[PDB]
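The structure appears right after this line, and notes come after that.
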Amino acid sequence: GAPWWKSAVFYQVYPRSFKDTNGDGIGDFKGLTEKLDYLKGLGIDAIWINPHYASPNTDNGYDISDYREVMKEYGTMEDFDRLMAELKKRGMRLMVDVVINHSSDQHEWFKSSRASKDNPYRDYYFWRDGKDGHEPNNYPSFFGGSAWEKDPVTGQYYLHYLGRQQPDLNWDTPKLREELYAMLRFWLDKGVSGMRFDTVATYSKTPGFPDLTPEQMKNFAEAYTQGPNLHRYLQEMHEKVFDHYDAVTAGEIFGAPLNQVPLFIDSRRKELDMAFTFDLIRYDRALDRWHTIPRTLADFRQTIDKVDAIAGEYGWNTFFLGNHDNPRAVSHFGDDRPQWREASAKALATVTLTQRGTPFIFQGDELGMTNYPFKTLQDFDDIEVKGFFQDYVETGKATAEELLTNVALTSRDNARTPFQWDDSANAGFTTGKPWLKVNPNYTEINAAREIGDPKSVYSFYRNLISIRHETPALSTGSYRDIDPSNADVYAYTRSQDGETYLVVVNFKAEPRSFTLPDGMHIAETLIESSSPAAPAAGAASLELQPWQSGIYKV
Ligand SMILES: [Ca+2]
């Protein structure tokens, strides 16, 4: 019998934008804890929360200044415990975000580290001499300018792949690794059911920090995942920590080449249980990460196929169409125009809940929430956008207008707009002023209107989730794409123990025909979206309306 997490449905909560209960315009623990019935009624088994630790919030939780206290905005340790207690009451599990590629520069380790060259915490981080009057090498940072930042106190530079205020932690130092393990135990001893490892692939640094080649320079993300001790560190963590608990582990394997993913998730390797990969969510993103490249369904399905293949027999994939780091699912993979939004958010739901892997639903997608209509660069909270302005506008590579028009479609802030609960002031997210503006379409896209309506996107999510739970083939069954070259109609089977299901999803806003594989016939129709009528028992083909989806037993 396969583990519980292979057949669970996860939901991702970005606490900052989920539910505010005290008017500061920032979501919090009490807010999440109040919405657990909503989550439970949806069908959700397990929730992954974004970072909830003490932080200066230069990168909204991903710069942690104390790994053993909760973030002051979210509430208190007691609130957190209540959150756990309430989830347990409902038979739900918590996965937390674990952010140990870097800490905050306000962490006490970094404060001590930077204080002098000879202190017990110097090697908890990377400090290095400049070269030829400048940085130690040509590493760029994700968040703009150099990955190296000079400290006048010592004259040395420290490494930061992320923002200046997120110094990278030095995993080559045994005492630092040991501290990380003791920290992971402090959370696991409290009964957390899962841990999601932020940028898990960049823990290992290249010895000698040589320069990146001009090639490696255009794809720095990948270069940062090539550290030679990476897998030895992941194995040690497992042996010293995960072996002693029963929590599931999942890595954000950002920037790694797809062929290396099995090293992280082959269960025989005793590293991680599940992979978040980014081949799909970035399949139409340019190497600079702010332009987009036109792709088709054929690219979409071929990427999924490849990613499926690498899980193999002993590895396991999560599956996701959206997260706090990417544009909104229906906007990016669907068609969010008002006449197609609901139909294509339904079709993407069918995709999400029939993939082989553990699906993760990002807060708000079950309502068909969309990208935000940003109007000026000042509308972005996102430090990644500030970084693009620094790297591309101030250098004369692009104008402010070219940045705006492109990052409007790609920016993480599209995912971070407050969750749309009802059509009251600010979608009922807060009674104060939201930290990031609510999307005006809230008057038409809100949980209250959606739950009341059997034909809504929400109701469709709920129904799909019930179907998935009832049908083991749809979680753990094999996956086979009927026709990978087809750019109109996505279609594939899921099979387990003699039972085979067929999923067919029209990606065109026009009617289309689908012909079943020779000798395959529709036995039953489990569900359809945007269909006027189910096929007949024995059908050898299908007619599809714009954006129609369906799951059929064959
Ligand atoms: Ca609050």
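Every chain in the structure tokens has a letter given in the order shown (A, B, ...), and although residue numbers restart at 1 in each chain, ligands are simply numbered from 1 in the order shown.
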
At a cut-off of 9 Å and counting only C-alpha atoms and all ligand atoms, what residues surround ligand 1? Please answer as a PyMOL selection string.
chain A and resi 16+19-31+73-75+430

Exercise: residue A:489 partners within 12 Å, only C-alpha atoms, chain neighbours under 4 positions left out, as a PyMOL selection string:
chain A and resi 296-298+300-301+347+351+481-485+503-516+542-550

Could you turn the residues from that selection into a file that holds C-alpha atoms, as a tab-separated table (two decimals), in the first residue's frame?
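Written file, out39.tsv:
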```tsv
chain	number	residue	atom	x	y	z
A	296	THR	CA	1.71	25.44	-27.62
A	297	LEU	CA	-0.16	22.58	-25.95
A	298	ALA	CA	2.36	20.22	-27.70
A	300	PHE	CA	3.02	21.72	-22.60
A	301	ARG	CA	2.27	17.98	-22.90
A	347	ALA	CA	-10.23	22.42	-17.82
A	351	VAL	CA	-5.52	18.43	-15.73
A	481	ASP	CA	-0.10	10.43	-23.44
A	482	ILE	CA	-2.34	9.39	-26.33
A	483	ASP	CA	-0.66	11.73	-28.83
A	484	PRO	CA	2.21	14.01	-27.71
A	485	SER	CA	2.42	15.86	-31.04
A	503	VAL	CA	-8.92	12.27	-19.71
A	504	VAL	CA	-9.64	14.54	-22.68
A	505	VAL	CA	-9.15	18.30	-22.46
A	506	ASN	CA	-9.82	20.79	-25.31
A	507	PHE	CA	-7.26	23.62	-25.11
A	508	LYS	CA	-8.81	25.51	-28.08
A	509	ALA	CA	-11.66	28.00	-27.82
A	510	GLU	CA	-13.27	26.20	-30.79
A	511	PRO	CA	-15.03	22.90	-31.23
A	512	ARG	CA	-12.74	19.97	-31.96
A	513	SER	CA	-12.98	16.23	-32.58
A	514	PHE	CA	-11.27	13.58	-30.56
A	515	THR	CA	-10.91	10.01	-31.84
A	516	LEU	CA	-10.16	7.39	-29.20
A	542	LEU	CA	-15.97	12.57	-28.98
A	543	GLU	CA	-17.09	16.05	-30.01
A	544	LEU	CA	-15.78	18.81	-27.83
A	545	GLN	CA	-16.98	22.30	-27.12
A	546	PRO	CA	-14.52	25.16	-26.55
A	547	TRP	CA	-12.38	24.29	-23.51
A	548	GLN	CA	-14.32	21.13	-22.65
A	549	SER	CA	-12.72	18.67	-20.25
A	550	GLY	CA	-13.72	15.17	-19.13
```

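The gap separating atom CA of residue A:360 from atom CA of residue A:79 is 24.5 Å, in Å to one decimal.
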
Based on the backbone DSSP call, show me all residues of stretch 387-516 of chain A assigned helix (DSSP H, G or I), as number ranges by chain.
A: 387-393, 400-410, 413-416, 425-428, 440-443, 447-451, 457-470, 473-476

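Candidate residues A:356, A:437, A:346, A:553 were compared for distance to residue A:458, and the nearest is A:346, using only C-alpha atoms.
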
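Taking atom CA of residue A:162 and atom CA of residue A:391 as endpoints, the distance between them is 14.1 Å.
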
Contact table stretch 315-384 of chain A vs stretch 191-213 of chain A, cut-off 12 Å, shortest pair per residue, only C-alpha atoms, as CSV:
```
residue,atom,partner,partner_atom,distance
A:318,CA,A:196,CA,11.1
A:324,CA,A:198,CA,12.0
A:325,CA,A:198,CA,11.3
```

Find the spatial neighbours of residue A:379, counting only C-alpha atoms, within a cut-off of 10 Å - ignore same-chain residues fewer than 2 positions away - and output them as a PyMOL selection string.
chain A and resi 372-377+381-382+404+408+413+436-437

For the residues selected in the previous step, produce a file with N, CA, C and O atoms as a PDB file, in the first residue's frame.
```
ATOM      1  N   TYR A 372      -3.289  40.060 -11.877  1.00  0.00           N
ATOM      2  CA  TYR A 372      -3.753  41.386 -11.491  1.00  0.00           C
ATOM      3  C   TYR A 372      -3.551  42.426 -12.619  1.00  0.00           C
ATOM      4  O   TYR A 372      -2.519  42.392 -13.309  1.00  0.00           O
ATOM      5  N   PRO A 373      -4.487  43.391 -12.803  1.00  0.00           N
ATOM      6  CA  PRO A 373      -4.179  44.439 -13.832  1.00  0.00           C
ATOM      7  C   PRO A 373      -3.213  45.534 -13.289  1.00  0.00           C
ATOM      8  O   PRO A 373      -3.652  46.607 -12.826  1.00  0.00           O
ATOM      9  N   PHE A 374      -1.919  45.244 -13.294  1.00  0.00           N
ATOM     10  CA  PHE A 374      -0.927  46.196 -12.823  1.00  0.00           C
ATOM     11  C   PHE A 374      -0.872  47.356 -13.819  1.00  0.00           C
ATOM     12  O   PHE A 374      -1.056  47.160 -15.020  1.00  0.00           O
ATOM     13  N   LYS A 375      -0.656  48.560 -13.297  1.00  0.00           N
ATOM     14  CA  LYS A 375      -0.649  49.755 -14.137  1.00  0.00           C
ATOM     15  C   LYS A 375       0.640  50.524 -14.090  1.00  0.00           C
ATOM     16  O   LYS A 375       0.988  51.137 -15.061  1.00  0.00           O
ATOM     17  N   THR A 376       1.317  50.549 -12.956  1.00  0.00           N
ATOM     18  CA  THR A 376       2.625  51.206 -12.905  1.00  0.00           C
ATOM     19  C   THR A 376       3.602  50.272 -12.247  1.00  0.00           C
ATOM     20  O   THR A 376       3.184  49.329 -11.615  1.00  0.00           O
ATOM     21  N   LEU A 377       4.905  50.528 -12.361  1.00  0.00           N
ATOM     22  CA  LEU A 377       5.853  49.660 -11.674  1.00  0.00           C
ATOM     23  C   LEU A 377       5.651  49.767 -10.166  1.00  0.00           C
ATOM     24  O   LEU A 377       5.923  48.791  -9.427  1.00  0.00           O
ATOM     25  N   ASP A 381       4.932  44.893  -5.284  1.00  0.00           N
ATOM     26  CA  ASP A 381       5.670  44.809  -4.015  1.00  0.00           C
ATOM     27  C   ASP A 381       6.989  44.084  -4.224  1.00  0.00           C
ATOM     28  O   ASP A 381       7.958  44.311  -3.509  1.00  0.00           O
ATOM     29  N   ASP A 382       6.983  43.212  -5.223  1.00  0.00           N
ATOM     30  CA  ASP A 382       7.963  42.180  -5.495  1.00  0.00           C
ATOM     31  C   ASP A 382       9.410  42.634  -5.628  1.00  0.00           C
ATOM     32  O   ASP A 382       9.776  43.358  -6.577  1.00  0.00           O
ATOM     33  N   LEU A 404       7.413  46.973 -17.400  1.00  0.00           N
ATOM     34  CA  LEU A 404       6.030  46.874 -16.960  1.00  0.00           C
ATOM     35  C   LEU A 404       5.212  45.926 -17.827  1.00  0.00           C
ATOM     36  O   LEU A 404       4.573  45.031 -17.299  1.00  0.00           O
ATOM     37  N   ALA A 408       4.216  42.327 -16.063  1.00  0.00           N
ATOM     38  CA  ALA A 408       2.799  42.221 -15.658  1.00  0.00           C
ATOM     39  C   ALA A 408       2.264  40.788 -15.864  1.00  0.00           C
ATOM     40  O   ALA A 408       1.324  40.358 -15.177  1.00  0.00           O
ATOM     41  N   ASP A 413       3.846  38.698  -8.024  1.00  0.00           N
ATOM     42  CA  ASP A 413       2.764  39.471  -7.387  1.00  0.00           C
ATOM     43  C   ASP A 413       1.368  39.121  -7.878  1.00  0.00           C
ATOM     44  O   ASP A 413       0.407  39.144  -7.074  1.00  0.00           O
ATOM     45  N   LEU A 436      -1.227  44.263  -0.323  1.00  0.00           N
ATOM     46  CA  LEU A 436      -1.190  44.345  -1.758  1.00  0.00           C
ATOM     47  C   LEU A 436      -2.642  44.432  -2.256  1.00  0.00           C
ATOM     48  O   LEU A 436      -3.494  43.703  -1.797  1.00  0.00           O
ATOM     49  N   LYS A 437      -2.916  45.323  -3.199  1.00  0.00           N
ATOM     50  CA  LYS A 437      -4.288  45.579  -3.644  1.00  0.00           C
ATOM     51  C   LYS A 437      -5.053  44.347  -4.147  1.00  0.00           C
ATOM     52  O   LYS A 437      -4.490  43.459  -4.813  1.00  0.00           O
TER      53      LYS A 437
END
```

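The residue that comes closest to residue A:428, out of A:180, A:275, A:447, A:415 and on the basis of only C-alpha atoms, is A:447.
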
Which of stretch 67-285 of chain A fall in strand (DSSP E or B), as a PyMOL selection string
chain A and resi 67-70+93-98+102+125+127-128+131+134+140+146+148-150+157-159+168-169+194-197+248-252+274-276+285

Env of residue A:526: 12 Å cut, atoms = only C-alpha atoms, seq-sep filter 4 positions within chain, self excluded. Answer as a PyMOL selection string.
chain A and resi 350+463-464+466-468+470-471+474+501-504+522+534-535+549-554

Restricting it to N, CA, C and O atoms, dump the selection as a PDB file, in the first residue's frame.
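This went into part.pdb:
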```pdb
ATOM      1  N   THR A 350      -9.222  19.842 -14.282  1.00  0.00           N
ATOM      2  CA  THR A 350      -9.194  18.450 -14.719  1.00  0.00           C
ATOM      3  C   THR A 350      -7.768  17.934 -14.914  1.00  0.00           C
ATOM      4  O   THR A 350      -7.450  16.833 -14.477  1.00  0.00           O
ATOM      5  N   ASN A 463     -15.871  18.537  -6.763  1.00  0.00           N
ATOM      6  CA  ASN A 463     -16.318  17.326  -7.410  1.00  0.00           C
ATOM      7  C   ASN A 463     -15.139  16.538  -7.979  1.00  0.00           C
ATOM      8  O   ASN A 463     -15.215  15.308  -8.028  1.00  0.00           O
ATOM      9  N   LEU A 464     -14.083  17.213  -8.457  1.00  0.00           N
ATOM     10  CA  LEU A 464     -12.969  16.493  -9.071  1.00  0.00           C
ATOM     11  C   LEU A 464     -12.166  15.820  -7.988  1.00  0.00           C
ATOM     12  O   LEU A 464     -11.758  14.664  -8.115  1.00  0.00           O
ATOM     13  N   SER A 466     -13.316  14.832  -5.087  1.00  0.00           N
ATOM     14  CA  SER A 466     -14.057  13.607  -4.642  1.00  0.00           C
ATOM     15  C   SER A 466     -13.786  12.469  -5.580  1.00  0.00           C
ATOM     16  O   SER A 466     -13.484  11.354  -5.138  1.00  0.00           O
ATOM     17  N   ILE A 467     -13.849  12.754  -6.880  1.00  0.00           N
ATOM     18  CA  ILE A 467     -13.600  11.709  -7.870  1.00  0.00           C
ATOM     19  C   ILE A 467     -12.212  11.107  -7.721  1.00  0.00           C
ATOM     20  O   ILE A 467     -12.061   9.863  -7.690  1.00  0.00           O
ATOM     21  N   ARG A 468     -11.207  11.980  -7.623  1.00  0.00           N
ATOM     22  CA  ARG A 468      -9.831  11.501  -7.383  1.00  0.00           C
ATOM     23  C   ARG A 468      -9.730  10.614  -6.136  1.00  0.00           C
ATOM     24  O   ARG A 468      -9.174   9.521  -6.185  1.00  0.00           O
ATOM     25  N   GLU A 470     -12.025   8.753  -4.728  1.00  0.00           N
ATOM     26  CA  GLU A 470     -12.704   7.483  -5.007  1.00  0.00           C
ATOM     27  C   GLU A 470     -11.970   6.583  -6.020  1.00  0.00           C
ATOM     28  O   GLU A 470     -12.315   5.446  -6.126  1.00  0.00           O
ATOM     29  N   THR A 471     -11.020   7.103  -6.803  1.00  0.00           N
ATOM     30  CA  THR A 471     -10.510   6.364  -7.961  1.00  0.00           C
ATOM     31  C   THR A 471      -8.961   6.191  -7.934  1.00  0.00           C
ATOM     32  O   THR A 471      -8.250   7.024  -8.417  1.00  0.00           O
ATOM     33  N   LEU A 474      -6.364   7.347 -10.481  1.00  0.00           N
ATOM     34  CA  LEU A 474      -6.155   8.777 -10.784  1.00  0.00           C
ATOM     35  C   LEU A 474      -5.052   9.467  -9.927  1.00  0.00           C
ATOM     36  O   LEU A 474      -4.608  10.565 -10.242  1.00  0.00           O
ATOM     37  N   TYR A 501      -8.645   4.913 -17.068  1.00  0.00           N
ATOM     38  CA  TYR A 501      -9.422   6.120 -17.273  1.00  0.00           C
ATOM     39  C   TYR A 501      -8.802   6.960 -18.350  1.00  0.00           C
ATOM     40  O   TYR A 501      -7.595   6.959 -18.500  1.00  0.00           O
ATOM     41  N   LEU A 502      -9.659   7.654 -19.097  1.00  0.00           N
ATOM     42  CA  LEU A 502      -9.298   8.508 -20.204  1.00  0.00           C
ATOM     43  C   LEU A 502      -9.639   9.968 -19.855  1.00  0.00           C
ATOM     44  O   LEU A 502     -10.769  10.296 -19.495  1.00  0.00           O
ATOM     45  N   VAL A 503      -8.655  10.839 -19.945  1.00  0.00           N
ATOM     46  CA  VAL A 503      -8.916  12.269 -19.714  1.00  0.00           C
ATOM     47  C   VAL A 503      -8.738  12.948 -21.057  1.00  0.00           C
ATOM     48  O   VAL A 503      -7.764  12.623 -21.775  1.00  0.00           O
ATOM     49  N   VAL A 504      -9.685  13.814 -21.414  1.00  0.00           N
ATOM     50  CA  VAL A 504      -9.645  14.537 -22.677  1.00  0.00           C
ATOM     51  C   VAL A 504      -9.952  15.983 -22.415  1.00  0.00           C
ATOM     52  O   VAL A 504     -11.037  16.309 -21.880  1.00  0.00           O
ATOM     53  N   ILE A 522     -15.582   4.336 -24.558  1.00  0.00           N
ATOM     54  CA  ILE A 522     -16.163   4.918 -23.355  1.00  0.00           C
ATOM     55  C   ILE A 522     -17.100   3.899 -22.720  1.00  0.00           C
ATOM     56  O   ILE A 522     -18.175   3.621 -23.264  1.00  0.00           O
ATOM     57  N   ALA A 534     -22.964  13.903 -22.274  1.00  0.00           N
ATOM     58  CA  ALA A 534     -21.925  12.880 -22.136  1.00  0.00           C
ATOM     59  C   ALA A 534     -21.885  12.015 -23.398  1.00  0.00           C
ATOM     60  O   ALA A 534     -22.860  11.931 -24.124  1.00  0.00           O
ATOM     61  N   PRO A 535     -20.755  11.374 -23.692  1.00  0.00           N
ATOM     62  CA  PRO A 535     -20.837  10.395 -24.795  1.00  0.00           C
ATOM     63  C   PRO A 535     -21.679   9.172 -24.436  1.00  0.00           C
ATOM     64  O   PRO A 535     -22.002   8.961 -23.256  1.00  0.00           O
ATOM     65  N   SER A 549     -13.546  19.738 -20.818  1.00  0.00           N
ATOM     66  CA  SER A 549     -12.717  18.673 -20.250  1.00  0.00           C
ATOM     67  C   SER A 549     -13.597  17.497 -19.809  1.00  0.00           C
ATOM     68  O   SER A 549     -14.798  17.668 -19.669  1.00  0.00           O
ATOM     69  N   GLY A 550     -13.004  16.325 -19.624  1.00  0.00           N
ATOM     70  CA  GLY A 550     -13.724  15.174 -19.130  1.00  0.00           C
ATOM     71  C   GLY A 550     -12.814  14.013 -18.748  1.00  0.00           C
ATOM     72  O   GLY A 550     -11.709  13.839 -19.332  1.00  0.00           O
ATOM     73  N   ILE A 551     -13.295  13.208 -17.797  1.00  0.00           N
ATOM     74  CA  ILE A 551     -12.663  11.979 -17.369  1.00  0.00           C
ATOM     75  C   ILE A 551     -13.690  10.877 -17.606  1.00  0.00           C
ATOM     76  O   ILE A 551     -14.835  10.973 -17.134  1.00  0.00           O
ATOM     77  N   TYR A 552     -13.287   9.830 -18.311  1.00  0.00           N
ATOM     78  CA  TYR A 552     -14.178   8.726 -18.693  1.00  0.00           C
ATOM     79  C   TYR A 552     -13.533   7.451 -18.318  1.00  0.00           C
ATOM     80  O   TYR A 552     -12.315   7.352 -18.429  1.00  0.00           O
ATOM     81  N   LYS A 553     -14.324   6.466 -17.865  1.00  0.00           N
ATOM     82  CA  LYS A 553     -13.825   5.096 -17.675  1.00  0.00           C
ATOM     83  C   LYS A 553     -13.952   4.401 -19.027  1.00  0.00           C
ATOM     84  O   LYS A 553     -14.979   4.517 -19.714  1.00  0.00           O
ATOM     85  N   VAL A 554     -12.924   3.655 -19.410  1.00  0.00           N
ATOM     86  CA  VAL A 554     -12.921   3.078 -20.738  1.00  0.00           C
ATOM     87  C   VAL A 554     -13.057   1.532 -20.768  1.00  0.00           C
ATOM     88  O   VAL A 554     -12.659   0.871 -19.843  1.00  0.00           O
TER      89      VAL A 554
END
```

What's around residue A:497 at 12 Å? Count only C-alpha atoms, leave out sequence neighbours fewer than 3 positions away in its own chain, and write the answer as a count of residues only.
10

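Here atom CA of residue A:329 and atom CA of residue A:412 stand 11.7 Å from one another.
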
Mind checking which residues fall within 12 Å of residue A:4, counting only C-alpha atoms, ignoring those fewer than 4 positions away in the same chain, and posting them as a PDB file with N, CA, C and O atoms, in the first residue's frame?
```
ATOM      1  N   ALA A   8      -2.919  11.908  -1.498  1.00  0.00           N
ATOM      2  CA  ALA A   8      -3.402  13.165  -0.917  1.00  0.00           C
ATOM      3  C   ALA A   8      -3.532  14.332  -1.912  1.00  0.00           C
ATOM      4  O   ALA A   8      -2.861  14.351  -2.925  1.00  0.00           O
ATOM      5  N   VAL A   9      -4.389  15.308  -1.587  1.00  0.00           N
ATOM      6  CA  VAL A   9      -4.514  16.547  -2.353  1.00  0.00           C
ATOM      7  C   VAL A   9      -4.078  17.647  -1.389  1.00  0.00           C
ATOM      8  O   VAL A   9      -4.653  17.811  -0.295  1.00  0.00           O
ATOM      9  N   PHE A  10      -3.049  18.377  -1.802  1.00  0.00           N
ATOM     10  CA  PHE A  10      -2.475  19.479  -1.023  1.00  0.00           C
ATOM     11  C   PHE A  10      -3.005  20.790  -1.545  1.00  0.00           C
ATOM     12  O   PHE A  10      -3.397  20.927  -2.731  1.00  0.00           O
ATOM     13  N   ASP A  45      -6.567  17.492   1.834  1.00  0.00           N
ATOM     14  CA  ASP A  45      -6.020  16.597   2.828  1.00  0.00           C
ATOM     15  C   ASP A  45      -4.933  17.235   3.672  1.00  0.00           C
ATOM     16  O   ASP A  45      -4.761  16.876   4.855  1.00  0.00           O
ATOM     17  N   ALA A  46      -4.212  18.190   3.074  1.00  0.00           N
ATOM     18  CA  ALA A  46      -2.964  18.657   3.610  1.00  0.00           C
ATOM     19  C   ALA A  46      -2.683  20.008   3.060  1.00  0.00           C
ATOM     20  O   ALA A  46      -2.921  20.274   1.886  1.00  0.00           O
ATOM     21  N   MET A  92      -6.469  16.531   9.013  1.00  0.00           N
ATOM     22  CA  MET A  92      -5.642  17.190   7.998  1.00  0.00           C
ATOM     23  C   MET A  92      -4.219  17.290   8.490  1.00  0.00           C
ATOM     24  O   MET A  92      -3.974  17.251   9.707  1.00  0.00           O
ATOM     25  N   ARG A  93      -3.297  17.397   7.534  1.00  0.00           N
ATOM     26  CA  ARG A  93      -1.891  17.518   7.839  1.00  0.00           C
ATOM     27  C   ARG A  93      -1.267  18.880   7.476  1.00  0.00           C
ATOM     28  O   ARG A  93      -1.707  19.537   6.500  1.00  0.00           O
ATOM     29  N   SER A 193       3.749  17.437   9.619  1.00  0.00           N
ATOM     30  CA  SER A 193       3.648  16.227   8.783  1.00  0.00           C
ATOM     31  C   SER A 193       4.494  16.251   7.510  1.00  0.00           C
ATOM     32  O   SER A 193       4.648  15.211   6.855  1.00  0.00           O
ATOM     33  N   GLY A 194       4.999  17.432   7.157  1.00  0.00           N
ATOM     34  CA  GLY A 194       5.732  17.614   5.901  1.00  0.00           C
ATOM     35  C   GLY A 194       6.686  18.820   5.897  1.00  0.00           C
ATOM     36  O   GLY A 194       6.509  19.800   6.654  1.00  0.00           O
ATOM     37  N   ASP A 246       8.157  10.685  10.578  1.00  0.00           N
ATOM     38  CA  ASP A 246       7.336  10.096   9.519  1.00  0.00           C
ATOM     39  C   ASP A 246       6.737  11.197   8.628  1.00  0.00           C
ATOM     40  O   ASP A 246       5.684  11.038   8.010  1.00  0.00           O
ATOM     41  N   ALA A 247       7.461  12.298   8.532  1.00  0.00           N
ATOM     42  CA  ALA A 247       7.044  13.441   7.734  1.00  0.00           C
ATOM     43  C   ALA A 247       7.501  13.268   6.281  1.00  0.00           C
ATOM     44  O   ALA A 247       8.522  12.658   6.000  1.00  0.00           O
ATOM     45  N   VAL A 248       6.724  13.753   5.339  1.00  0.00           N
ATOM     46  CA  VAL A 248       7.116  13.643   3.951  1.00  0.00           C
ATOM     47  C   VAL A 248       7.952  14.867   3.577  1.00  0.00           C
ATOM     48  O   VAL A 248       7.709  15.971   4.079  1.00  0.00           O
ATOM     49  N   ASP A 273      11.353  12.726  -0.693  1.00  0.00           N
ATOM     50  CA  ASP A 273      10.228  11.940  -1.194  1.00  0.00           C
ATOM     51  C   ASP A 273       9.616  12.436  -2.512  1.00  0.00           C
ATOM     52  O   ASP A 273       9.264  11.580  -3.400  1.00  0.00           O
ATOM     53  N   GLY A 357       1.028  11.954  -9.614  1.00  0.00           N
ATOM     54  CA  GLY A 357       1.876  12.747  -8.726  1.00  0.00           C
ATOM     55  C   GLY A 357       0.975  13.281  -7.667  1.00  0.00           C
ATOM     56  O   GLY A 357      -0.192  12.910  -7.688  1.00  0.00           O
ATOM     57  N   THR A 358       1.504  14.078  -6.728  1.00  0.00           N
ATOM     58  CA  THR A 358       0.709  14.660  -5.673  1.00  0.00           C
ATOM     59  C   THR A 358       0.304  16.084  -6.055  1.00  0.00           C
ATOM     60  O   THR A 358       1.167  16.949  -6.224  1.00  0.00           O
ATOM     61  N   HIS A 469     -10.300  11.062  -5.036  1.00  0.00           N
ATOM     62  CA  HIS A 469     -10.241  10.243  -3.851  1.00  0.00           C
ATOM     63  C   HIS A 469     -10.841   8.831  -4.113  1.00  0.00           C
ATOM     64  O   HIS A 469     -10.182   7.839  -3.833  1.00  0.00           O
ATOM     65  N   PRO A 472      -8.440   5.102  -7.360  1.00  0.00           N
ATOM     66  CA  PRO A 472      -7.001   5.050  -7.077  1.00  0.00           C
ATOM     67  C   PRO A 472      -6.144   5.200  -8.302  1.00  0.00           C
ATOM     68  O   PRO A 472      -5.035   5.730  -8.204  1.00  0.00           O
ATOM     69  N   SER A 475      -4.625   8.812  -8.857  1.00  0.00           N
ATOM     70  CA  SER A 475      -3.412   9.234  -8.153  1.00  0.00           C
ATOM     71  C   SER A 475      -2.198   8.385  -8.544  1.00  0.00           C
ATOM     72  O   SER A 475      -1.270   8.866  -9.221  1.00  0.00           O
ATOM     73  N   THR A 476      -2.219   7.121  -8.149  1.00  0.00           N
ATOM     74  CA  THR A 476      -1.056   6.245  -8.329  1.00  0.00           C
ATOM     75  C   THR A 476      -0.951   5.469  -9.632  1.00  0.00           C
ATOM     76  O   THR A 476       0.036   4.770  -9.855  1.00  0.00           O
TER      77      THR A 476
END
```
